[PDB]
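# Geometric and topological summary
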Amino acid sequence: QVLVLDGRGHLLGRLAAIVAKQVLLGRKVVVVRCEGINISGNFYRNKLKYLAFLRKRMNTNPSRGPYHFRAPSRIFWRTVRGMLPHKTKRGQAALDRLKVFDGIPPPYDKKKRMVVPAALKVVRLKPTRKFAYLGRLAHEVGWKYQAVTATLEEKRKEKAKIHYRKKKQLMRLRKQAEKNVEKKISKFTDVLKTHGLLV
Amino acid sequence: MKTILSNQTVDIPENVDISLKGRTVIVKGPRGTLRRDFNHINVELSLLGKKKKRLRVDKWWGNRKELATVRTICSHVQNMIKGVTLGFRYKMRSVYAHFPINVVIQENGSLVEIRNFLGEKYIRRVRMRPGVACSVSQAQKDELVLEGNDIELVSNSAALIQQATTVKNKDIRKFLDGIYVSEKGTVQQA
Amino acid sequence: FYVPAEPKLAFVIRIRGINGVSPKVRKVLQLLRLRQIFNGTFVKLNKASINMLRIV
Amino acid sequence: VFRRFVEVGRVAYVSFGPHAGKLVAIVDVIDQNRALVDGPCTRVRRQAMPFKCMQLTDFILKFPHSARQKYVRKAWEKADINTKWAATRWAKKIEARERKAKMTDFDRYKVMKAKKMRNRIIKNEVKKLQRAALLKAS
Amino acid sequence: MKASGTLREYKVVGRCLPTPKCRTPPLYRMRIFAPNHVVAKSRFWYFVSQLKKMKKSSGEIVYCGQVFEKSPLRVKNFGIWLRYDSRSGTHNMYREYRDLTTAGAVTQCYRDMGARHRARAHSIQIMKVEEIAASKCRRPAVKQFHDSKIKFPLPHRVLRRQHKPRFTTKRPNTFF
RNA sequence: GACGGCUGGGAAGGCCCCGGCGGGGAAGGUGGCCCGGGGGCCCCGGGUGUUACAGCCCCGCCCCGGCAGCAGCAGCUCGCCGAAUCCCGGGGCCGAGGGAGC
RNA sequence: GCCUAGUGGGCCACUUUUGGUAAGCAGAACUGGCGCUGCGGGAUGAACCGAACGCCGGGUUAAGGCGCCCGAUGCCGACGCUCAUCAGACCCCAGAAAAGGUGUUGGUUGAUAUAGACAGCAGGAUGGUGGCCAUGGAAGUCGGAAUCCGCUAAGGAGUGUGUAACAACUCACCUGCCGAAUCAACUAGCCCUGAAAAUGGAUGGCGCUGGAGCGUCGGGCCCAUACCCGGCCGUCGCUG
RNA sequence: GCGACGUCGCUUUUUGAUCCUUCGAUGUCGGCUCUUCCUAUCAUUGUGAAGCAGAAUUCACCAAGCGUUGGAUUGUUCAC
RNA sequence: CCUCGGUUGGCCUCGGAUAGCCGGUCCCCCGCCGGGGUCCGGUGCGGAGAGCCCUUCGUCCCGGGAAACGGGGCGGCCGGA
Ligand SMILES: [Mg+2]
Ligand SMILES: [Mg+2]
Ligand SMILES: [Mg+2]
Ligand SMILES: [Mg+2]
Ligand SMILES: [Mg+2]
Ligand SMILES: [Mg+2]
Ligand SMILES: [Mg+2]
Ligand SMILES: [Mg+2]
Ligand SMILES: [Mg+2]
Ligand SMILES: [Mg+2]
Ligand SMILES: [Mg+2]
Ligand SMILES: [Mg+2]
Ligand SMILES: [Mg+2]
Ligand SMILES: [Mg+2]
Ligand SMILES: [Mg+2]
Ligand SMILES: [Mg+2]
């Protein structure tokens, strides 16, 4: 029921447009690994764009002024919110359907993450154009939990490799099992081969 | 104009074992091994001839700013080849007018201690890039020798010494003192 | 070359609205019985009719 | 390392357009993004076809870069690409997709029952091999 | 002219109306590359009014026909001599193209001029289009395809059908 | 889904040098031959040149050569059409009026 | 034909046009608008574009659009151009010029090229002459007038560092490797410099760089009170 | 470092021009106080260039972070 | 018993590269089974999200197949910030 999207390799506005449309069409969306989102343009250009964002504040009370969130999750959240009609009840419910995260938290690390090829950097950018990293931009503008997110991410990845090696052992056991039982499943394999589910 | 193909080949000697994992180049010679990565360029690196005699670089469908990066890769791989065969020796000379520039080398040739550059009490500490040997040359009064396999670390370390011994708040065309790269050659001649 | 006869029947469709029409154009259009957008009339073609279509 | 190159005589598979699902021979290249192709045995007229809709195959004919349709058909029926294309796994996983598209409801029911058996017969022997690994690891 | 779609080449032959002075006027033939025959006849009256002192009222058009390509299966090189108005000045050009049809070559020229020079079809005058052999070409972007054993790959195959699932698990392959 | 008109009385293209017999030509130069190096005879380079161990272009009729077919069975190589035009099916909206007579 | 209210402050725009440096300035002509008027579109908006209105259903459009806000391209759209450490992004219209750029793309003109060029790497730079005239001396080597010959592949009575004057060194010019294009002057597109204001900030916003930018184009789609069809109301006409 | 004869601009810290808003009222000069903003940067940080030897001073770039005072006369802004 | 409602089978997971990937493999070379060189396949991804798993009308007789090491369920050990 939840659309879980790996945020790595995606472009910020393209992913945020697709996520905004899905949470308006009424689908709960969790975007994990938001420090892996890429932004087109050179890093100095993107850094000065967010620095121009930071220069804007309410002159008489900056605590009431625009909240410049530093985490990549909350920056992506703010882009989806700017793409949503958040000052109406339908917009607020659309935003509340959306969860954003830094790294891949324990609800969603034992879950498959979806990818959107229409928002990916490799598809949507020419290979010679220079891009930026949301995590690096975030850290250099004031996010403090970049290193600890990286340590928890390598801690998650080294367990994901364990799960992957066990999955590969199970699948090679599956292949040895098919070649073992190919006498008593041969009259059922031909059905799946004539109807095009195997070869 | 998208040129359909720009190629350039580099001849690889008998002394050198070269390898490639995609767009990284692993050059092996008598002096050690050099890895340099090139995934920022998007070319074809072919390793043709059995016994691996020629390294060929292709750029298919490139404009001028992409065609200019073929010979750059070939010159970088050539600099790696001369790094592992002959090394790189940057010979710097310490020009002074009145105050002799006293250079003390520390930690096997990895730190330079520069003193009395224009009569200053401040001591300049220049840390070398990893893998670059630094040495005061014999049979020459005010000279210093940098030796290594990466040209981009040897020459950067020479630049670090040169920009550390810089004259400030005077006329630099009269105050010519400093340590300057004088000779660029190899460690082992041929 | 065989040149065909110049056509003697035209079908005219008024394609603009009744807003902001200069009075000569408006007069020729009501003489052409085209007083709405997307009204159509058949016009027989001669010099006098073609010069009116040239106005409009 | 590229293996598939646009060249005179490469069989390409047409992905989309009006001649999709078919095989053409690249006869000549016109510019950066368009080639004169010709399928004389797969019912495609000789025409300009953009590169983005053809997918290159591992089959190269030998004909000149301006030879006509009958020499193209001579090369095609001498190389027998109508059977060598069918012998590849590419055309087999095209026709398997076609058969799963043409499945009827009775077909889906028979598939469901046959797969229901095959998965359990494999699944018992998978665990049998698993405990045959643990009993022989000690 | 608005250069809409694939242009078509028209043989448009016109003449003056025969006065008692000139009992039979000379006949003029022009190749017009236009979206259709109405636009072709209008451009014919433009060019003939510019060259001779002949108007649509004082003249007539005796023929207007689409001229089909005699070799639409053969790849040819095309030389197009051009007259156009920039924002400052009017320039003669010669450009070279590669196509199977001379109408495709001229519309390729029109979109190419719109791309490279920000010039619209009303400011562009074709003067001559001739099929040129490969030895007599001057443009390297045309001349680089003059190779008998030509061979290039398709290096970075971008994923079209970006919205076929819109939400897939597997990141795409662009090498093929 | 089917029919027809027109055009350069379509243009190209298909089959029977695989149209026959001749005459030439040159290249985005095929065989060969020469040079050069890269492998285990083969491939890629460079040169020469006119068919050969590929092809391309220009009595071409030896009744517009003879046949198919024809704005072409995909449900695409490029049109304008329909007194030279009809059939069939599906989806949506609506049912105003209320003594027409025989 | 009679009676007759209201009005007799106007304003805006294409084109023409007078005064003024100019003005969202003052004054005219023509026509259309706004005022008197909603509606779709230009984010916003008296006047711009489309279109003018009874109350509704179906369909379709105009001008605009179709990443998400936000209906519509979620087309396997076409061909190019373009990177901005100040990008650009649609009549009115909401900010920029002269000048400049070996940024990058095209084009024009002329040479200098397989009677083998352009770099780059070397080699020669000759005698007449160490030139009359000046200057102490200048000898190609401060200056002005002389600017010819030959052996020539070539060398100007010499482009520069030379010296009190020389000696030296260097350049043009001509040869070796080399093997396919090269040099110059312009011109036009995008980008950049030029380019500096005060609360924090506005292609409408988010954002967008195999465009969601710019130019030229194709299919499709979106919907206005506009058009068609149908209902219902009224008004007018048929002196029905 | 300048720069004549010419020419292209910017800005609204000058005065004008105009009369769009306000005449059933928007309190009209200065100074004191206090906060913030701009950069066309005087100083200080980092720099480049000088007819920069040192010292001093010019010209220029990133740059507005932090400073830019005590007084006599004048109501003065300005001035000295 | 009120009331708030939505919903109408799940996916239990490599890292990622994109001018490259994926899976097996020892005769190897290194490490605490993990990694790399070699070899073999696959690659318009079929060790496929154009996917995979589950798949239900129910009960009664008797037979064949598959199962027998199985199906259902009480006492212990591992597995997680
Ligand atoms: Mg000083
Ligand atoms: Mg209008
Ligand atoms: Mg006025
Ligand atoms: Mg006025
Ligand atoms: Mg009024
Ligand atoms: Mg009115
Ligand atoms: Mg109106
Ligand atoms: Mg606007
Ligand atoms: Mg108008
Ligand atoms: Mg309606
Ligand atoms: Mg819009
Ligand atoms: Mg009606
Ligand atoms: Mg008041
Ligand atoms: Mg008051
Ligand atoms: Mg007040
Ligand atoms: Mg400044």
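In what follows, the structure referred to is the one given above.
Residues numbered from 1 in each chain as written, not as in the entry; some residues may be left out. Chains lettered and ligands numbered in written order. Part of a larger assembly, values for the part shown. Heavy atoms only, no water.

### Section: the packing of helix 1 (residues 12–24) of chain A against helix 3 (residues 72–83) of chain A
All names here are of chain A. Interaxial distance between helix 1 and helix 3 falls to 9 Å at its minimum, and their mutual angle equals 55°. As judged from the angle between their axes, helix 1 and helix 3 are oblique. The crossing of helix 1 and helix 3 is right-handed. Of the residues in helix 3, those in contact with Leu12, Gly13, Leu15, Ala16, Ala17, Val19 and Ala20 of helix 1 are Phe76, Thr79, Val80 and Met83. A breakdown of the residues in the contact of helix 1 with helix 3 according to their chemical character gives 9 nonpolar, 2 polar and no charged. (Axes fitted to C-alpha atoms, helices over the stretch in contact; angles between N-to-C directions. Helix = DSSP H or I, 4+ residues; strand = E, 2+ residues; numbered from the N terminus. Parallel < 35°, antiparallel > 145°, perpendicular 65-115°, else oblique. Left-handed = near helix turned anticlockwise from the far one by under 90°. Contact = heavy atoms within 4.5 Å. Nonpolar A, V, L, I, M, F, W, Y, C, P; charged D, E, K, R; others polar.)

### A word on the interface of chain A and chain E
At the interface, 21 residues of chain A touch 11 residues of chain E. Its largest share of buried area at the contact with chain E, chain A owes to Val115, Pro117 and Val123 of chain A, together 33% of the area lost on that side. Connecting chain A to chain E are 1 salt bridge. The partner of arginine 171 of chain E in a salt bridge is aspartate 6 of chain A, with the nearest N and O atoms 2.6 Å apart. When contributions to the side of chain A that touches chain E are tallied by element, the ones reaching two or more residues are strand 1 (2–6), helix 1 and helix 5 (121–124) of chain A. (Buried area = accessible area lost by both parts, 1.4 Å probe. Salt bridge = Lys/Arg side-chain N within 4 Å of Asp/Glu carboxyl O.)

### Looking at the sheet that holds strand 4 (residues 34–39) of chain D
All names here are of chain D. Strands sit in the order 5-4-3-2-6 across an open sheet of 5 strands; the sheet is antiparallel. The two strands at the open ends of the sheet, each matched to only one other strand, are strand 5 (44–50) and strand 6 (54–60). Taken over all neighbouring pairs, the strand axes of this sheet differ in orientation by 40° on average, direction set aside. As paired strands, strand 2 (residues 10–14) and strand 6 are joined by 4 bridges and run antiparallel to one another. Bridge pairing in strand 6 links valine 14 to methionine 54. (Pairing = 2+ DSSP bridges.)

### What to know about the interface of chain D and chain A
Residue-level contacts link 20 residues of chain D with 21 residues of chain A. Here chain D and chain A share an interface that buries about 1,900 Å² over both sides, 74% of which is from carbon and sulfur atoms. The largest share of the area that chain D buries against chain A comes from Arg118, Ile122 and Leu129 of chain D, three residues that together contribute 31% of it. Across the pair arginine 118 of chain D and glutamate 178 of chain A runs a salt bridge whose closest N-O atoms are separated by 3.5 Å. Class assignment of the residues belonging to the side of chain D that touches chain A gives a composition of 9 nonpolar, 2 polar and 9 charged.

### With respect to the protein's contact with RNA strand H
The immediate surroundings of RNA strand H are formed by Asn59 of chain A together with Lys168, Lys170, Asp171, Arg173, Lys174 and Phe175 of chain B. The sugar-phosphate share of atoms of RNA strand H within 4 Å of the protein amounts to 65%. At 3.3 Å, a side-chain N or O of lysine 168 of chain B approaches a phosphate oxygen of RNA strand H. The contact in question runs from a sugar or linking oxygen of RNA strand H to an N or O atom on the side chain of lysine 174 of chain B, over 3.2 Å. The class makeup of the residues in the surface near RNA strand H is 1 nonpolar, 1 polar and 5 charged. (Near = heavy atom within 4 Å. Polar contact = N/O pair within 3.5 Å; in protein donor to acceptor, adjacent residues only side chain to side chain.)

### Some points on the sheet that holds strand 5 (residues 44–48) of chain B
All names here are of chain B. Within the open sheet, the 3 strands sit side by side as 1-6-5. Their pairing is antiparallel. At either end of the open sheet lies a strand with only one pairing partner, and these are strand 1 (6–11) and strand 5. Neighbour-to-neighbour, the strand axes of this sheet turn through a mean angle of 20°, independent of strand direction. Two elements, strand 5 and strand 6 (residues 54–59), share 5 bridges in a ladder whose sense is antiparallel. Paired with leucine 47 across the strands is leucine 55, a residue of strand 6. This element, helix 2 (residues 70–85), spans strand 1, strand 5 and strand 6 of the sheet and lies at about 10° to strand 1.

### A short note on the pattern of salt bridges
Applying the stated rule across the entire model yields 31 salt bridges over all chains. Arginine 54 of chain B is paired through a salt bridge with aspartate 11 of chain B; the nearest N and O atoms lie 3.4 Å apart. Here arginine 54 of chain B, found in strand 6, pairs with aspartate 11 of chain B, found in strand 1; they are 43 residues apart in sequence, far enough to count as distant. A salt bridge links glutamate 125 of chain D to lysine 128 of chain D, with the shortest nitrogen-to-oxygen separation between them at 2.6 Å.

### Considerations on the side chain of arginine 34 of chain D
Note on placement: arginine 34 of chain D falls in strand 4. Among the polar contacts listed, one links the side chain of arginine 34 of chain D to the side chain of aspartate 99 of chain E, at a separation of 2.9 Å. The residues contacting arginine 34 of chain D, other than those within four sequence positions of it, are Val29, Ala48, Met49, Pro50 and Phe51 of chain D together with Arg98, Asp99 and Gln108 of chain E.

### Here's the deal with the protein's contact with RNA strand F
Contacts to RNA strand F come from 34 residues, most closely from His19 and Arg43 of chain D together with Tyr63, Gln66 and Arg98 of chain E. Each atom of RNA strand F within 4 Å of the protein was classed as base or backbone; sugar and phosphate made up 71%. Here a base nitrogen of RNA strand F sits 2.6 Å away from a polar atom, N or O, in the main chain of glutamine 66 of chain E. A distance of 2.7 Å is found between a base oxygen of RNA strand F and a backbone nitrogen or oxygen belonging to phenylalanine 68 of chain E. If you list the elements that add at least two residues to the surface near RNA strand F, you get strand 5 and helix 1 (69–79) of chain D together with strand 3 (59–66) of chain E. Looking at which element gives the most residues to the surface near RNA strand F, the answer is helix 1 of chain D, with 5 residues. Of the residues contributing to the surface near RNA strand F, the split by class is 11 nonpolar, 8 polar and 15 charged.

### A word on the packing of helix 7 (residues 147–181) of chain A against helix 4 (residues 105–134) of chain D
Viewed as axis vectors pointing N to C, helix 7 of chain A and helix 4 of chain D meet at an angle of 115°, and their least axial separation amounts to 9 Å. Between helix 7 of chain A and helix 4 of chain D, the angle falls in the class roughly perpendicular. Where helix 7 of chain A crosses over helix 4 of chain D, the two elements pack in a sense that is right-handed. Two secondary-structure elements touch here, helix 7 of chain A through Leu170, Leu173, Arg174, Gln176, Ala177, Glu178, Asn180 and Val181 of chain A and helix 4 of chain D through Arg118, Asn119, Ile121, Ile122, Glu125, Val126, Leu129 and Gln130 of chain D. Looking at side-chain class alone, the contact of helix 7 of chain A with helix 4 of chain D contains 8 nonpolar, 4 polar and 4 charged residues.

### A short note on helix 3 (residues 151–164) of chain B
Residues and elements named next belong to chain B. Spanning 14 residues, helix 3 covers 19 Å between terminal C-alpha atoms, matching the ideal 20 Å at 1.5 Å per step. Those residues of helix 3 that fall on the buried side of the exposure criterion are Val154, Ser157, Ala158, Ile161 and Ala164. Looking straight down helix 3, one finds that the buried residues subtend no more than 130° of arc, so they occupy a single side. Looking at the buried residues of helix 3, the elements they touch are strand 7 (88–95), strand 9 (111–115), strand 10 (124–127), strand 12 (143–148) and strand 13 (178–185). (Expected span 1.5 Å × (residues − 1). Buried < 20%, exposed > 50% of the residue type's maximum accessible area, 1.4 Å probe, protein only. Arc of directions from axis to C-beta.)

### Points about the arrangement of the chains
Contact between chain B and chain C is absent, and the minimum C-alpha spacing across the pair is 46 Å. One finds no contact between chain C and chain D; the C-alpha atoms of the two approach each other to within 35 Å at their closest.

### Some words on the pairing of strand 5 of chain D
Taken residue by residue, a regular strand's side chains alternate between the two faces of the sheet. Residues and elements named next belong to chain D. Sheet topology places strand 4 next to strand 5; 5 bridges connect them, and they run antiparallel. Residue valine 37 lies in a different strand from strand 5, and its bridge partner there is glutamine 47. Connecting strand 4 to the next strand, strand 5, in antiparallel fashion are 4 residues, including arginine 43 with a positive phi near 60°.

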